[PDB]
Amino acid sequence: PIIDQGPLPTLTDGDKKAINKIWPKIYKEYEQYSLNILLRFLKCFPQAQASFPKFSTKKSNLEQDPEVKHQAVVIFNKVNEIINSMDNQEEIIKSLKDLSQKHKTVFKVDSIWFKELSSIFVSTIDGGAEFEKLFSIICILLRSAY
């Protein structure tokens, strides 16, 4: 499963190979996959919608809301960036620690949600242990500033 605290897991060559085998299929339809993931998260955890002021007052037809679609792709693109540089641990650390600080003080998001959205991200793309490890690294780092 996905964890959000403790030492960072290490992605093996095997892990990276599996991730790189599965990702292209998702990436090629990033708009709809990214949207589906966020919508699923909001359906499973309606109480999490309060964490997105840009669409927190929006009810019904979220799929057509520009703020919802944009929020979804911004999250997806960050994951895409990380996958694109799995060989550079330092870059991933630096980048995500900075983002962690922004979510804490600027976006004022409760770090408890990262793991929940990530779980839905993984199940949506039918990812396996390899992706859970990837998202564990991502969540631990996004939770680091808290």
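In case it trips you up, residue 1 is the first one in the sequence shown, and so on.
Averaged over Cα atoms, the B-factor as recorded in the entry is higher for 50 to 58 than for the other of 50 to 58 and 74 to 82. The mean Cα B-factor in the deposited entry runs higher for 121 to 129 than for the other of 121 to 129 and 134 to 142.
Reading the B-factor column for the CA atoms of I93, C44, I112, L38 in the entry, the top value corresponds to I93.
For the set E116, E31, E67, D87, the PDB entry puts the maximum C-alpha B factor at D87.
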